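Engineer: Got a structure for you, written out below as structure tokens; questions coming shortly.
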Amino acid sequence: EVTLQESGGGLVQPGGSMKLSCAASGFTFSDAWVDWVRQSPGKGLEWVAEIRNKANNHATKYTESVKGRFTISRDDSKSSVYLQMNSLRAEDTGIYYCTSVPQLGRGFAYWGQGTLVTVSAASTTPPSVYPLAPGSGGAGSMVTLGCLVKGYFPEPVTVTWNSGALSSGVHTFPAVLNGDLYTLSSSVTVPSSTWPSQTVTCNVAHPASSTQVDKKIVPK
Amino acid sequence: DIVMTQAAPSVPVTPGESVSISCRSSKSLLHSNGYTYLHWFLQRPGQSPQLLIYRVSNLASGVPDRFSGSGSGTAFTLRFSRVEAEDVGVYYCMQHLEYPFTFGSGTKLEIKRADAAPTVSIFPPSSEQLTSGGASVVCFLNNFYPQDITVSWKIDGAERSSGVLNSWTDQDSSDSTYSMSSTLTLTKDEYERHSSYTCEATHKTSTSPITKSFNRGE
Ligand SMILES: COC(=O)[C@H]1[C@@H](OC(=O)c2ccccc2)C[C@@H]2CC[C@H]1N2C
């Protein structure tokens with residue numbers, strides 16, 4: 001199975017430095033040309049840089065806005081490609097993806113899952129997790145519960161319900177930035193025969209602050 | 001740089017029917033070697049882009065037979081023989097001829113379906129948040145269609161516009177509906193200056209707004 005996995009992303013100080021890594025597996029990395037493509041609103045997908053294979057002299061090409069600041073490199077012995085970013089600016093914020101053009105071409109055939117880079121001087125802050133329970137008795141009906149994840153930075157946060165057992169009727173909404181902090185909500189809808197008889201918990205994780213919170217939704 | 005243009009920001013389609021998306025380049029994408037370096041990508045909500053078609057009409061591995069591509073020089077077309085609800089996402093064309101490689105702005109495929117009234121649920125501040133001096137009132141407006149909805153907050157009858165945080169999900173890949181979250185962010189002190197909190201939703205599925213509320217003094 002072909003795989004590309006980015007790492008090294010996260011919050012970075014304006015003017016600071018950050019090195020992104022991408023480990024490849026499942027295909028002949030040494031024969032492929034490797035690229036970094038980023039994504040940001042009001043720009044969509046934007047090509048960033050590329051490094052060719054050994055046969056093509058490991059030549060590097062960079063988009064105008066990052067030339068002189070970014071350096072792409074590769075370590076074929078580790079099937080990895082890197083992106084050293086310097087003098088980071090607000091404009092550099094976004095999701096960075098590793099993608100390769102394998103030996104037989106086919107454009108950008110394989111893509112990684114992406115790593116979010118946030119260029120900001122704001123500090124890392126853990127979220128507060130609050131249970132959202134109905135204000136009245138239900139009903140044979142469907143009941144909607146929720147989780148409010150507020151006051152954290154930077155993105156992302158991961159929210160699951162019952163450790164992943166409940167996913168079908170879940171809606172986790174995009175986070176909203178308020179006063180330098182994000183607030184996000186997630187709802188889950190289950191049969192009135194499921195809750196409150198069975199335990200329904202919201203599991204929130206904020207990698208940046210290593211926060212993990214389990215909040216049980218209890219009737220009010 | 002070569003400019004890739006995708007005129008349509010979105011395109012509505014009903015499951016089962018065929019549809020096509022266009023892309024145009026500012027320069028011919030025909031290389032000296034005879035190949036045309038234009039590719040199509042799909043980006044589903046919350047996922048990374050994925051190759052659909054390379055060099056105008058070659059389907060990538062695992063791409064459904066319903067996809068096909070055509071074009072030449074500066075005009076290209078992505079086509080669906082039978083669209084499925086799961087096809088929701090943004091479709092991009094990209095030129096792989098010259099540096100910098102450039103992408104089109106993308107065309108979001110929107111699935112048309114039957115009208116669906118939203119399921120509206122309002123939630124008073126949690127006891128935990130209150131002890132922390134905060135008071136957020138949350139309203140979920142779930143699984144509705146069409147995508148546009150209006151939400152108004154009323155405190156003791158009077159409307160409140162500030163301190164309202166809204167978020168919307170991308171179209172659901174299974175039922176083709178939309179959902180929304182609206183949060184009225186108040187301080188505990190403010191929250192205690194009134195009693196009636198209402199989430200009023202106006203959607204095309206009803207002349208009268210769907211009203212959900214509760215009283216703090218209860
Ligand atoms: C196969 O892809 C290509 O032909 C690309 C490129 O070649 C590769 O990306 C490549 C990848 C693996 C092996 C050999 C060449 C050369 C130029 C610049 C972009 C494009 N081509 C027009």
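Following the order of the structure tokens, chains are lettered A, B, ..., residues in each are numbered from 1, and ligands are numbered from 1.
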Could the residues that lie within 10 Å of ligand 1, counting only C-alpha atoms and all ligand atoms, be listed as a VMD selection string?
Structural biologist: (chain A and resid 29 to 35 50 to 56 100 to 108) or (chain B and resid 29 to 33 35 to 38 54 to 55 95 to 101)
Engineer: Next, dump the selected residues to file, keeping only N, CA and C atoms, as a compact mmCIF listing (two decimals), in the first residue's frame.
Structural biologist:
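Final file, again_14.txt:
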```txt
# COMPACT_ATOMS: atom_id res chain seq x y z
N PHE A 29 10.46 5.20 -3.84
CA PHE A 29 10.72 6.60 -3.54
C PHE A 29 11.93 7.18 -4.27
N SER A 30 13.01 6.41 -4.36
CA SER A 30 14.22 6.88 -5.02
C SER A 30 14.05 7.26 -6.49
N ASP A 31 13.08 6.66 -7.17
CA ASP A 31 12.85 6.98 -8.58
C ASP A 31 11.85 8.12 -8.78
N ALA A 32 11.15 8.51 -7.72
CA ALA A 32 10.16 9.56 -7.85
C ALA A 32 10.67 10.97 -7.62
N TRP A 33 9.94 11.93 -8.19
CA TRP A 33 10.24 13.34 -7.99
C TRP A 33 9.24 13.62 -6.87
N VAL A 34 9.61 14.44 -5.90
CA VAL A 34 8.70 14.71 -4.79
C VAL A 34 8.39 16.19 -4.64
N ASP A 35 7.12 16.48 -4.34
CA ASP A 35 6.64 17.85 -4.22
C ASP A 35 5.93 18.17 -2.92
N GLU A 50 9.72 21.38 -5.36
CA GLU A 50 9.93 20.03 -5.86
C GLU A 50 11.39 19.66 -5.91
N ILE A 51 11.69 18.40 -5.64
CA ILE A 51 13.06 17.91 -5.74
C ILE A 51 13.01 16.69 -6.66
N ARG A 52 13.88 16.68 -7.66
CA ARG A 52 13.92 15.59 -8.63
C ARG A 52 14.71 14.40 -8.12
N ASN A 53 14.67 13.28 -8.86
CA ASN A 53 15.40 12.09 -8.44
C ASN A 53 16.88 12.20 -8.76
N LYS A 54 17.65 11.23 -8.28
CA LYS A 54 19.10 11.21 -8.48
C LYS A 54 19.46 11.26 -9.96
N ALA A 55 18.71 10.52 -10.77
CA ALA A 55 18.95 10.46 -12.21
C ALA A 55 18.76 11.83 -12.84
N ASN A 56 17.92 12.65 -12.23
CA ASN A 56 17.68 13.99 -12.74
C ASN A 56 18.41 15.05 -11.92
N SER A 100 3.97 12.83 -4.59
CA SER A 100 5.03 12.38 -5.48
C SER A 100 4.58 12.05 -6.88
N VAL A 101 5.52 12.13 -7.82
CA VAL A 101 5.26 11.79 -9.21
C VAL A 101 6.15 10.56 -9.32
N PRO A 102 5.55 9.37 -9.23
CA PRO A 102 6.31 8.12 -9.31
C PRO A 102 7.04 7.90 -10.62
N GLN A 103 7.95 6.92 -10.62
CA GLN A 103 8.76 6.60 -11.78
C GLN A 103 8.05 6.63 -13.13
N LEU A 104 6.85 6.06 -13.21
CA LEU A 104 6.14 6.06 -14.49
C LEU A 104 5.17 7.23 -14.71
N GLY A 105 5.40 8.34 -14.00
CA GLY A 105 4.57 9.52 -14.17
C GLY A 105 3.22 9.55 -13.47
N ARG A 106 2.18 9.91 -14.22
CA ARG A 106 0.82 10.00 -13.70
C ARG A 106 0.60 11.19 -12.79
N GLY A 107 1.24 12.31 -13.10
CA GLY A 107 1.09 13.50 -12.29
C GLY A 107 1.30 13.20 -10.81
N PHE A 108 0.65 13.97 -9.94
CA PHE A 108 0.78 13.75 -8.50
C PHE A 108 -0.11 12.58 -8.11
N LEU B 29 -1.34 23.38 -23.16
CA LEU B 29 -0.65 22.47 -22.26
C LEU B 29 0.00 21.32 -23.02
N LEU B 30 0.08 21.48 -24.34
CA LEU B 30 0.70 20.47 -25.20
C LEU B 30 2.21 20.63 -25.11
N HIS B 31 2.89 19.57 -24.68
CA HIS B 31 4.34 19.58 -24.54
C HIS B 31 4.97 19.21 -25.88
N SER B 32 6.24 19.56 -26.05
CA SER B 32 6.96 19.25 -27.28
C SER B 32 6.94 17.76 -27.58
N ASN B 33 6.87 16.94 -26.53
CA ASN B 33 6.86 15.49 -26.70
C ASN B 33 5.52 14.92 -27.15
N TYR B 35 2.60 15.10 -25.52
CA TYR B 35 1.67 14.84 -24.42
C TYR B 35 1.06 16.14 -23.91
N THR B 36 -0.15 16.04 -23.35
CA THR B 36 -0.82 17.22 -22.80
C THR B 36 -0.86 17.05 -21.29
N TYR B 37 -0.13 17.91 -20.59
CA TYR B 37 -0.02 17.81 -19.15
C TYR B 37 -1.08 18.53 -18.33
N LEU B 38 -2.28 17.96 -18.32
CA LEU B 38 -3.39 18.50 -17.55
C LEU B 38 -3.96 17.35 -16.72
N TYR B 54 -5.19 11.74 -15.15
CA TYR B 54 -3.91 12.35 -15.51
C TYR B 54 -3.80 12.46 -17.03
N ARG B 55 -3.13 13.50 -17.48
CA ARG B 55 -2.95 13.77 -18.90
C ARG B 55 -4.27 13.71 -19.66
N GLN B 95 -2.17 22.19 -14.18
CA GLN B 95 -1.29 22.06 -15.33
C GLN B 95 0.04 21.59 -14.78
N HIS B 96 0.59 20.57 -15.43
CA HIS B 96 1.85 19.95 -15.04
C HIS B 96 2.84 20.10 -16.19
N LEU B 97 2.79 21.25 -16.87
CA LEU B 97 3.68 21.52 -18.00
C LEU B 97 4.89 22.38 -17.63
N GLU B 98 4.63 23.50 -16.97
CA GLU B 98 5.68 24.43 -16.59
C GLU B 98 5.64 24.83 -15.13
N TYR B 99 6.79 25.28 -14.63
CA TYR B 99 6.90 25.75 -13.26
C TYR B 99 6.59 27.24 -13.30
N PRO B 100 5.83 27.74 -12.31
CA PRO B 100 5.28 26.96 -11.21
C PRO B 100 4.07 26.15 -11.65
N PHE B 101 3.92 24.95 -11.12
CA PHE B 101 2.76 24.16 -11.45
C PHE B 101 1.61 24.97 -10.84
```
Engineer: When the cut-off is 9 Å and we count only C-alpha atoms, which residues of chain A are near chain B, given as a ChimeraX atom specification?
Structural biologist: /A:42-49,61-64,97,106-114,128-135,144-146,148,171-178,183-187,220
Engineer: Those residues you just picked out, can you put them in a file as a PDB file, in the first residue's frame with C-alpha atoms?
Structural biologist:
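Result written to selection-v2.pdb:
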```
ATOM      1  CA  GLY A  42      -8.232  32.563  -1.055  1.00  0.00           C
ATOM      2  CA  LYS A  43      -5.484  30.700  -2.882  1.00  0.00           C
ATOM      3  CA  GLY A  44      -6.763  27.144  -2.910  1.00  0.00           C
ATOM      4  CA  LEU A  45      -4.115  24.596  -3.804  1.00  0.00           C
ATOM      5  CA  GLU A  46      -0.693  26.160  -4.333  1.00  0.00           C
ATOM      6  CA  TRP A  47       2.435  24.355  -5.545  1.00  0.00           C
ATOM      7  CA  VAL A  48       5.397  25.081  -3.258  1.00  0.00           C
ATOM      8  CA  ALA A  49       8.532  23.142  -4.204  1.00  0.00           C
ATOM      9  CA  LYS A  61      12.518  24.188  -8.031  1.00  0.00           C
ATOM     10  CA  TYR A  62      10.617  26.652  -5.808  1.00  0.00           C
ATOM     11  CA  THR A  63       7.572  28.872  -6.251  1.00  0.00           C
ATOM     12  CA  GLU A  64       8.450  32.589  -6.254  1.00  0.00           C
ATOM     13  CA  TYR A  97       0.882  18.110   1.625  1.00  0.00           C
ATOM     14  CA  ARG A 106       0.817   9.996 -13.703  1.00  0.00           C
ATOM     15  CA  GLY A 107       1.090  13.505 -12.286  1.00  0.00           C
ATOM     16  CA  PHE A 108       0.775  13.753  -8.503  1.00  0.00           C
ATOM     17  CA  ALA A 109      -0.329  10.151  -8.020  1.00  0.00           C
ATOM     18  CA  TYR A 110       0.125   9.860  -4.253  1.00  0.00           C
ATOM     19  CA  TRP A 111      -0.626  12.385  -1.487  1.00  0.00           C
ATOM     20  CA  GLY A 112      -0.029  12.458   2.268  1.00  0.00           C
ATOM     21  CA  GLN A 113      -2.712  13.349   4.832  1.00  0.00           C
ATOM     22  CA  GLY A 114      -1.358  16.863   5.288  1.00  0.00           C
ATOM     23  CA  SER A 128     -12.243  23.571  28.061  1.00  0.00           C
ATOM     24  CA  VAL A 129     -14.779  20.846  27.242  1.00  0.00           C
ATOM     25  CA  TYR A 130     -18.443  21.273  28.159  1.00  0.00           C
ATOM     26  CA  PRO A 131     -21.296  18.742  27.865  1.00  0.00           C
ATOM     27  CA  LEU A 132     -24.408  19.844  26.005  1.00  0.00           C
ATOM     28  CA  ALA A 133     -27.487  18.023  27.307  1.00  0.00           C
ATOM     29  CA  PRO A 134     -31.182  18.581  26.409  1.00  0.00           C
ATOM     30  CA  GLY A 135     -33.144  21.008  28.563  1.00  0.00           C
ATOM     31  CA  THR A 144     -29.409  15.265  20.107  1.00  0.00           C
ATOM     32  CA  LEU A 145     -26.493  15.839  22.470  1.00  0.00           C
ATOM     33  CA  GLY A 146     -23.354  17.874  22.092  1.00  0.00           C
ATOM     34  CA  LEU A 148     -18.574  22.487  23.295  1.00  0.00           C
ATOM     35  CA  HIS A 171     -21.633  16.366  13.174  1.00  0.00           C
ATOM     36  CA  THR A 172     -18.371  17.961  14.262  1.00  0.00           C
ATOM     37  CA  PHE A 173     -18.379  21.563  13.070  1.00  0.00           C
ATOM     38  CA  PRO A 174     -15.503  23.667  11.740  1.00  0.00           C
ATOM     39  CA  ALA A 175     -13.805  25.636  14.504  1.00  0.00           C
ATOM     40  CA  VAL A 176     -14.432  29.384  14.773  1.00  0.00           C
ATOM     41  CA  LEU A 177     -11.737  31.833  15.824  1.00  0.00           C
ATOM     42  CA  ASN A 178     -12.860  34.444  18.340  1.00  0.00           C
ATOM     43  CA  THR A 183     -14.325  27.414  19.729  1.00  0.00           C
ATOM     44  CA  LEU A 184     -15.776  24.272  18.184  1.00  0.00           C
ATOM     45  CA  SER A 185     -18.876  22.177  18.747  1.00  0.00           C
ATOM     46  CA  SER A 186     -19.864  18.618  17.938  1.00  0.00           C
ATOM     47  CA  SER A 187     -23.318  17.067  18.048  1.00  0.00           C
ATOM     48  CA  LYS A 220     -29.985  18.120  33.427  1.00  0.00           C
TER      49      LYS A 220
END
```
Engineer: For residue 146 in chain B, please output as a PDB file with N, CA, C and O atoms, in the first residue's frame all residues within 8 Å (counting only C-alpha atoms; exclusion window: fewer than 5 positions along the same chain).
Structural biologist:
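Result file is selection22.pdb:
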```
ATOM      1  N   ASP B 115     -36.234  18.836  -0.255  1.00  0.00           N
ATOM      2  CA  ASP B 115     -36.190  19.746   0.878  1.00  0.00           C
ATOM      3  C   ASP B 115     -36.290  18.968   2.181  1.00  0.00           C
ATOM      4  O   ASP B 115     -36.974  17.945   2.257  1.00  0.00           O
ATOM      5  N   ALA B 116     -35.592  19.452   3.203  1.00  0.00           N
ATOM      6  CA  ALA B 116     -35.595  18.823   4.514  1.00  0.00           C
ATOM      7  C   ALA B 116     -35.526  19.910   5.575  1.00  0.00           C
ATOM      8  O   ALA B 116     -34.612  20.735   5.569  1.00  0.00           O
ATOM      9  N   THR B 177     -27.392  16.382   3.083  1.00  0.00           N
ATOM     10  CA  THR B 177     -27.934  17.499   3.848  1.00  0.00           C
ATOM     11  C   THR B 177     -26.817  18.384   4.380  1.00  0.00           C
ATOM     12  O   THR B 177     -25.632  18.081   4.219  1.00  0.00           O
ATOM     13  N   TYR B 178     -27.225  19.475   5.015  1.00  0.00           N
ATOM     14  CA  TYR B 178     -26.318  20.450   5.604  1.00  0.00           C
ATOM     15  C   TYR B 178     -26.674  20.624   7.081  1.00  0.00           C
ATOM     16  O   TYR B 178     -27.815  20.392   7.484  1.00  0.00           O
ATOM     17  N   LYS B 204     -36.386  27.771   4.066  1.00  0.00           N
ATOM     18  CA  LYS B 204     -37.385  27.748   3.006  1.00  0.00           C
ATOM     19  C   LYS B 204     -38.476  26.695   3.208  1.00  0.00           C
ATOM     20  O   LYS B 204     -39.536  26.769   2.584  1.00  0.00           O
TER      21      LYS B 204
END
```
Engineer: Rounded to one decimal in Å, what is the spacing between CA of residue 123 in chain A and CA of residue 153 in chain A?
Structural biologist: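 Going from CA of residue 123 in chain A over to CA of residue 153 in chain A, I get 7.1 Å.
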Engineer: Give the strand (DSSP E) residues of range 130-193 of chain B, as DSSP finds them on the backbone, and put them as a VMD selection string.
Structural biologist: chain B and resid 134 to 144 150 to 155 158 to 160 164 to 168 178 to 187
Engineer: Take the residues just selected and output them with N, CA, C and O atoms as a tab-separated table (two decimals), in the first residue's frame.
Structural biologist:
```tsv
chain	number	residue	atom	x	y	z
B	134	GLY	N	-18.54	31.54	32.53
B	134	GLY	CA	-18.93	31.67	31.14
B	134	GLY	C	-20.37	31.23	30.91
B	134	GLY	O	-20.93	30.51	31.74
B	135	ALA	N	-20.96	31.66	29.80
B	135	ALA	CA	-22.33	31.29	29.50
B	135	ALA	C	-22.62	31.24	28.00
B	135	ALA	O	-23.13	32.20	27.43
B	136	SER	N	-22.28	30.12	27.37
B	136	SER	CA	-22.53	29.95	25.95
B	136	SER	C	-23.83	29.18	25.76
B	136	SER	O	-24.05	28.16	26.41
B	137	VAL	N	-24.70	29.69	24.90
B	137	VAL	CA	-25.96	29.04	24.59
B	137	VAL	C	-25.76	28.51	23.18
B	137	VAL	O	-25.47	29.27	22.26
B	138	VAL	N	-25.90	27.20	23.02
B	138	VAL	CA	-25.67	26.56	21.74
B	138	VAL	C	-26.93	26.08	21.04
B	138	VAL	O	-27.84	25.53	21.66
B	139	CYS	N	-26.98	26.28	19.73
B	139	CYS	CA	-28.12	25.84	18.95
B	139	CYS	C	-27.62	25.05	17.75
B	139	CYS	O	-26.81	25.55	16.97
B	140	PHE	N	-28.09	23.82	17.61
B	140	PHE	CA	-27.71	23.01	16.46
B	140	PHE	C	-28.90	22.98	15.51
B	140	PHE	O	-30.04	22.77	15.93
B	141	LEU	N	-28.64	23.20	14.22
B	141	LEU	CA	-29.67	23.15	13.19
B	141	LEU	C	-29.14	22.10	12.23
B	141	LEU	O	-28.36	22.40	11.32
B	142	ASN	N	-29.58	20.87	12.43
B	142	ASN	CA	-29.09	19.72	11.68
B	142	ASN	C	-29.89	19.10	10.54
B	142	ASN	O	-31.13	19.13	10.52
B	143	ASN	N	-29.13	18.51	9.62
B	143	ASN	CA	-29.63	17.78	8.46
B	143	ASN	C	-30.76	18.42	7.67
B	143	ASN	O	-31.82	17.82	7.48
B	144	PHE	N	-30.51	19.63	7.19
B	144	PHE	CA	-31.50	20.35	6.40
B	144	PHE	C	-31.05	20.54	4.94
B	144	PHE	O	-29.88	20.33	4.60
B	150	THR	N	-31.32	30.92	8.02
B	150	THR	CA	-31.06	32.14	8.78
B	150	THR	C	-31.34	31.86	10.24
B	150	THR	O	-32.35	31.24	10.59
B	151	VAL	N	-30.44	32.31	11.10
B	151	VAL	CA	-30.59	32.10	12.53
B	151	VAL	C	-30.58	33.42	13.28
B	151	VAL	O	-29.70	34.25	13.09
B	152	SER	N	-31.58	33.60	14.15
B	152	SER	CA	-31.68	34.81	14.94
B	152	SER	C	-31.76	34.46	16.41
B	152	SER	O	-32.44	33.51	16.80
B	153	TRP	N	-31.04	35.22	17.23
B	153	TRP	CA	-31.06	35.00	18.67
B	153	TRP	C	-31.87	36.09	19.35
B	153	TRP	O	-31.69	37.28	19.06
B	154	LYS	N	-32.76	35.69	20.25
B	154	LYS	CA	-33.59	36.64	20.97
B	154	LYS	C	-33.45	36.45	22.48
B	154	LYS	O	-33.64	35.35	22.99
B	155	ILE	N	-33.12	37.53	23.17
B	155	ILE	CA	-32.98	37.49	24.62
B	155	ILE	C	-34.14	38.30	25.19
B	155	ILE	O	-34.17	39.53	25.07
B	158	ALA	N	-35.89	40.52	22.60
B	158	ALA	CA	-35.03	41.42	21.83
B	158	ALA	C	-33.91	40.65	21.12
B	158	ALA	O	-33.27	39.78	21.70
B	159	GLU	N	-33.68	40.99	19.85
B	159	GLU	CA	-32.66	40.32	19.06
B	159	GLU	C	-31.23	40.69	19.47
B	159	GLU	O	-30.96	41.81	19.89
B	160	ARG	N	-30.33	39.71	19.35
B	160	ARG	CA	-28.93	39.90	19.71
B	160	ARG	C	-28.06	39.45	18.54
B	160	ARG	O	-28.15	38.31	18.10
B	164	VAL	N	-22.15	36.12	18.58
B	164	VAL	CA	-22.73	34.95	17.92
B	164	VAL	C	-21.69	34.31	17.00
B	164	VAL	O	-21.20	34.95	16.07
B	165	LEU	N	-21.37	33.05	17.26
B	165	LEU	CA	-20.39	32.32	16.46
B	165	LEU	C	-21.09	31.25	15.63
B	165	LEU	O	-21.73	30.36	16.20
B	166	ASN	N	-20.99	31.34	14.31
B	166	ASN	CA	-21.63	30.37	13.42
B	166	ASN	C	-20.66	29.50	12.63
B	166	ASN	O	-19.61	29.97	12.18
B	167	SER	N	-21.02	28.23	12.46
B	167	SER	CA	-20.19	27.29	11.70
B	167	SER	C	-21.11	26.37	10.90
B	167	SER	O	-22.20	26.01	11.36
B	168	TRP	N	-20.66	25.98	9.71
B	168	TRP	CA	-21.45	25.13	8.82
B	168	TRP	C	-20.65	23.92	8.32
B	168	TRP	O	-19.48	24.04	7.97
B	178	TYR	N	-27.23	19.47	5.01
B	178	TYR	CA	-26.32	20.45	5.60
B	178	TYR	C	-26.67	20.62	7.08
B	178	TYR	O	-27.81	20.39	7.48
B	179	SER	N	-25.69	21.02	7.89
B	179	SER	CA	-25.93	21.24	9.31
B	179	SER	C	-25.23	22.53	9.72
B	179	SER	O	-24.29	22.98	9.07
B	180	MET	N	-25.72	23.13	10.79
B	180	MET	CA	-25.16	24.38	11.27
B	180	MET	C	-25.17	24.45	12.78
B	180	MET	O	-26.04	23.88	13.44
B	181	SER	N	-24.18	25.16	13.31
B	181	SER	CA	-24.05	25.37	14.75
B	181	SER	C	-23.98	26.87	14.97
B	181	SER	O	-23.27	27.57	14.25
B	182	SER	N	-24.75	27.36	15.93
B	182	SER	CA	-24.76	28.79	16.25
B	182	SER	C	-24.61	28.90	17.76
B	182	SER	O	-25.39	28.31	18.51
B	183	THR	N	-23.61	29.65	18.20
B	183	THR	CA	-23.36	29.80	19.63
B	183	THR	C	-23.38	31.26	20.05
B	183	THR	O	-22.65	32.09	19.50
B	184	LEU	N	-24.23	31.56	21.03
B	184	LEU	CA	-24.36	32.91	21.58
B	184	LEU	C	-23.42	32.91	22.78
B	184	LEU	O	-23.65	32.19	23.75
B	185	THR	N	-22.36	33.70	22.70
B	185	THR	CA	-21.36	33.76	23.75
B	185	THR	C	-21.59	34.94	24.69
B	185	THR	O	-21.34	36.09	24.32
B	186	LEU	N	-22.06	34.65	25.89
B	186	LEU	CA	-22.32	35.68	26.89
B	186	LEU	C	-21.48	35.44	28.14
B	186	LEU	O	-20.93	34.35	28.32
B	187	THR	N	-21.38	36.45	28.99
B	187	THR	CA	-20.65	36.30	30.25
B	187	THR	C	-21.74	35.81	31.20
B	187	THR	O	-22.92	35.97	30.91
```
Engineer: Ranking A:160, A:17, A:141, A:80 by minimum distance to residue 98 in chain A and counting only C-alpha atoms, which one comes first?
Structural biologist: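 Using only C-alpha atoms, residue 98 in chain A sits closest to A:80.
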Engineer: Interatomic distance between CA of residue 74 in chain B and CA of residue 16 in chain B?
Structural biologist: 29.5 Å
Engineer: Neighbouring residues of residue 142 in chain A were defined as those with any atom within 8 Å, considering only C-alpha atoms; residues of the same chain fewer than 5 positions away were excluded. Please report them as a PDB file with C-alpha atoms, in the first residue's frame.
Structural biologist:
```pdb
ATOM      1  CA  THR A 189     -27.923  12.192  17.600  1.00  0.00           C
ATOM      2  CA  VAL A 190     -29.047   8.859  19.062  1.00  0.00           C
ATOM      3  CA  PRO A 191     -32.300   7.010  19.784  1.00  0.00           C
ATOM      4  CA  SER A 192     -34.050   8.078  22.981  1.00  0.00           C
TER       5      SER A 192
END
```
Engineer: As an exercise, work out the distance from CA of residue 82 in chain B to CA of residue 111 in chain B in Å and give it to one decimal place.
Structural biologist: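 According to the coordinates, CA of residue 82 in chain B and CA of residue 111 in chain B are separated by 12.3 Å.
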Engineer: Among the residues of chain A, find those DSSP assigns to helix (DSSP H, G or I) from the backbone and print them as JSON, numbers by chain.
Structural biologist: {"A": [29, 30, 31, 54, 55, 56, 64, 65, 66, 76, 77, 78, 90, 91, 92, 162, 163, 164, 207, 208, 209]}
Engineer: What's around residue 81 in chain B at 10 Å? Count only C-alpha atoms, leave out sequence neighbours fewer than 5 positions away in its own chain, and write the answer as a PDB file with N, CA and C atoms, in the first residue's frame.
Structural biologist:
```pdb
ATOM      1  N   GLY B  16     -27.693  10.132 -10.063  1.00  0.00           N
ATOM      2  CA  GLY B  16     -28.202   9.342 -11.167  1.00  0.00           C
ATOM      3  C   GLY B  16     -27.963   9.977 -12.524  1.00  0.00           C
ATOM      4  N   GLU B  17     -27.899  11.305 -12.584  1.00  0.00           N
ATOM      5  CA  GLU B  17     -27.678  11.962 -13.866  1.00  0.00           C
ATOM      6  C   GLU B  17     -26.218  12.270 -14.154  1.00  0.00           C
ATOM      7  N   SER B  18     -25.943  12.585 -15.416  1.00  0.00           N
ATOM      8  CA  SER B  18     -24.598  12.912 -15.870  1.00  0.00           C
ATOM      9  C   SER B  18     -24.352  14.413 -15.763  1.00  0.00           C
ATOM     10  N   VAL B  19     -23.088  14.795 -15.600  1.00  0.00           N
ATOM     11  CA  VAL B  19     -22.724  16.202 -15.496  1.00  0.00           C
ATOM     12  C   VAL B  19     -21.283  16.378 -15.952  1.00  0.00           C
ATOM     13  N   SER B  20     -20.899  17.617 -16.241  1.00  0.00           N
ATOM     14  CA  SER B  20     -19.541  17.904 -16.668  1.00  0.00           C
ATOM     15  C   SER B  20     -19.032  19.205 -16.061  1.00  0.00           C
ATOM     16  N   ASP B  65     -15.415   4.060 -12.752  1.00  0.00           N
ATOM     17  CA  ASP B  65     -15.610   4.142 -14.192  1.00  0.00           C
ATOM     18  C   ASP B  65     -16.474   5.322 -14.643  1.00  0.00           C
ATOM     19  N   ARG B  66     -17.283   5.864 -13.734  1.00  0.00           N
ATOM     20  CA  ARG B  66     -18.163   6.977 -14.082  1.00  0.00           C
ATOM     21  C   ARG B  66     -17.431   8.259 -14.463  1.00  0.00           C
ATOM     22  N   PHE B  67     -16.127   8.304 -14.207  1.00  0.00           N
ATOM     23  CA  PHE B  67     -15.325   9.468 -14.567  1.00  0.00           C
ATOM     24  C   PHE B  67     -14.687   9.309 -15.937  1.00  0.00           C
ATOM     25  N   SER B  68     -14.545  10.424 -16.638  1.00  0.00           N
ATOM     26  CA  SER B  68     -13.893  10.439 -17.936  1.00  0.00           C
ATOM     27  C   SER B  68     -13.452  11.876 -18.154  1.00  0.00           C
TER      28      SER B  68
END
```
Engineer: Which of these, A:41, A:140, A:164, A:16, has the shortest distance to residue 203 in chain A once you count only C-alpha atoms?
Structural biologist: A:164
